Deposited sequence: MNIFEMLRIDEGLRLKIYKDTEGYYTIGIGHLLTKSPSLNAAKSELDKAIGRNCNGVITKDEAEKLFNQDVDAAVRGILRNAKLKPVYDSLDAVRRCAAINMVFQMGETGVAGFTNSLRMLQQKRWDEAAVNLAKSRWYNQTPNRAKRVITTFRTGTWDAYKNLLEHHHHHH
């Protein structure tokens, strides 16, 4: 399911860390800020958790943020007039791949979206790889793309 999939892709770290773009993050890939200021990240963390964390959270707190973040990704899809029709056209496994992408990059994939809605899976997979996303995080992008190409969990198993 989407939680297991993103837990694999994001890991779990209980202290503030930097993501692949160098941005302060915590938990299961929860972005805190794009600001280079660790103090700004710590303020965002305390606001998100509701207590003075000093840059460290518990596993329960990380999992709660993760639930909120997955929910937010789903809502960003459902509220977006470009994403919702494609998402609704997908089966349950491919819907997880869609949520995964939105979780990672947030709300340029117009042509890939069309190919996915048309169920041209190999063509969509080729188009999805022609991206900064694929070049910068190729192993994760390959897993997500394989999920779109096959409609199976094979890349995660």
Gaps in the model, given as deposited-sequence positions counted from residue 1: 1, 109 to 112, 163 to 172
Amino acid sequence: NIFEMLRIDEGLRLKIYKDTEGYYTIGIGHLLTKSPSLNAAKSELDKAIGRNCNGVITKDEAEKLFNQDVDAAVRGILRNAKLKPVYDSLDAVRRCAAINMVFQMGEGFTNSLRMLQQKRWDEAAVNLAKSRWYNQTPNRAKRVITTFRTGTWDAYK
From here on, numbers count along this sequence of modelled residues.
Of 34 to 42 and 94 to 102, the stretch whose C-alpha atoms average the higher B-factor in the entry: 34 to 42
Most elevated Cα B-factor in the entry, residues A124, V70, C53, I26: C53
Chain-relative CA temperature factor third for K64: middle
Within-chain third of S112 by Cα B-factor, per the entry: middle
Where the record places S131 (Cα B-factor, split into thirds across the chain): lowest
Record-listed C-alpha B factor of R149: chain third: middle
CA B-factor placement of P138, once the chain's modelled residues are sorted into thirds: lowest
